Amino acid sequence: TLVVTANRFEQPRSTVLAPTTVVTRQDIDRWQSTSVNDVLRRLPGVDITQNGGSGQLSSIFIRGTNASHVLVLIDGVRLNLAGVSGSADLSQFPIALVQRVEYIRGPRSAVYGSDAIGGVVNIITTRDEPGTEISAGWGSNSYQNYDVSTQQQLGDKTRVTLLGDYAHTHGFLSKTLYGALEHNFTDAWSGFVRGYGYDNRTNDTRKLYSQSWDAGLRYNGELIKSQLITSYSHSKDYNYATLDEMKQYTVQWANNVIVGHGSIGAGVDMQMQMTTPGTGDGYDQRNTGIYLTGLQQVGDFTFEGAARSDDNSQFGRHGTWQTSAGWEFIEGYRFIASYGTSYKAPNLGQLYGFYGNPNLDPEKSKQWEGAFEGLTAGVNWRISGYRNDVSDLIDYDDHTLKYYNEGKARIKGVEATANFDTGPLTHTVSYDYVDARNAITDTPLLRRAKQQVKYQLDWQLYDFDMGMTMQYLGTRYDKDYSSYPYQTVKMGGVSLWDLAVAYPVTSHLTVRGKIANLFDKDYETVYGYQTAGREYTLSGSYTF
């Protein structure tokens, strides 16, 4: 029930005035997930289209927004993937590193800067769970996974985690190494060192290497909270022949204090990107931002706010803000209103590529949102409507020879969610409606399901832990490339069911079973790229 992402500090969800979702490891081990897209598609407002199976290019669309309009943080610390030019993928990101996910929807550019429009996904790779764990998997598609993890001090003050994981099929191979050091100076002062890298091979061949190093100091006291954090990432993406290399440096400093019935915060955020020539000659992009945040509770009312100023070495200064008010009109029920502003920064290609253009400005969004949330007869629910006007979109004029700012996009959506228990059954449902169009031409965007329905259902029989997940992906427009000109089609969307089971044998030695695409239904999220739907996975874990 504690989440950071929102304001960079620990706080209760019931305190965040905006929809959010949290995923813990335990969930991920239940769902038996081998892919970050597997753990994301299950959540509200999210749809992921992939040109095939694991390893393949995927794009994430949050609440009908474009593929690069979501912010992926890794303890964030954004996702070592400026792109390389320029949006987040997560196809090649090792599920083994994921210990938790916090996801918040709506704009948060006013804390994080450029990139937060529609959503923020914060993939965290830290944990507090001592003991060593050796696991493995064998599935039905040449899938073979082995993993070993451990966390133990070493000190009584310092603690060390080490994990190595290996996953390939037969063509996608991933190898991953992670080590960490957590030292507590006092009962309030703490620090860490983090290093990790993965080397992936994806069959034309692709070879990507990444490595990340993070170091940080934190202070959490009775009233005052502060963090100083430092990150450097190095990715090399060899395609074949091309190479993309990006080096990313980050330094940020924030503070927060408990002033009354909430807090007030502020920090400074600096980022440097070194992109190598032919990557995407070479560019060095620099961005610095400054922001302030605030949460105040006053009698049945809630107020949460952030505002930021970014100075960007190519477009200069851009400012950003957001505000929410919550009203608990009767115990258990709340009405909530939010408004927010956000931006996406021009990327290397759009800026300095074959086509223009070095003077582009950021794509800008405004978002308004209304919501009712409640606890009723044991059901925790929420329903929101939102409207998102995006403008100064960067397009390709088709004529001169360059990118410019021109198109607009309206989005109107609705999200509803509920979780509740009946028997020994737990239910977790959501519905989404995304009406995303081109505001000028008034045609549906493309690649976005107009409706999604998600249902999860968990229950224990007899020491057998069962879980069933159901998804309806609605109708999307895409393009029939096969023939030029490429025109648009309509895929009808479909239903998928997955079934996962788990048995605790003895104590440290759980055996797990999964069946994806229960009915072995054939469908595509991206026109032309066949999905792989009929896999049996069998897996285990031993703890000691």
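Heads up: residue numbers just count along the shown sequence, starting at 1.
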Residues of the deposited sequence left unbuilt between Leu461 and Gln460: none
Count class of coordinate-free deposited residues lying between the neighbours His170 and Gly171: 10 or more
Higher-B stretch (mean Cα B-factor, as the entry records it), 111 to 119 or 193 to 201: 193 to 201
Higher-B stretch (mean Cα B-factor, as the entry records it), 86 to 94 or 416 to 424: 86 to 94
Candidate residues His261, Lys236, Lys344, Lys225, the one whose C-alpha B factor the record puts highest: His261
Criterion, highest CA B-factor; candidates, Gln452, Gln322, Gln144, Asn359: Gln452
Modelled-residue ranking by C-alpha temperature factor, third containing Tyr477: highest
Chain thirds of CA B-factor: placement of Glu373: lowest
Relative C-alpha B-factor of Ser483, binned into the chain's lowest, middle or highest third: highest
Ranked C-alpha temperature factor of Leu518 among modelled chain residues, by third: lowest
Chain-wide C-alpha B factor ranking for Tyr433, given as lowest, middle or highest third: middle
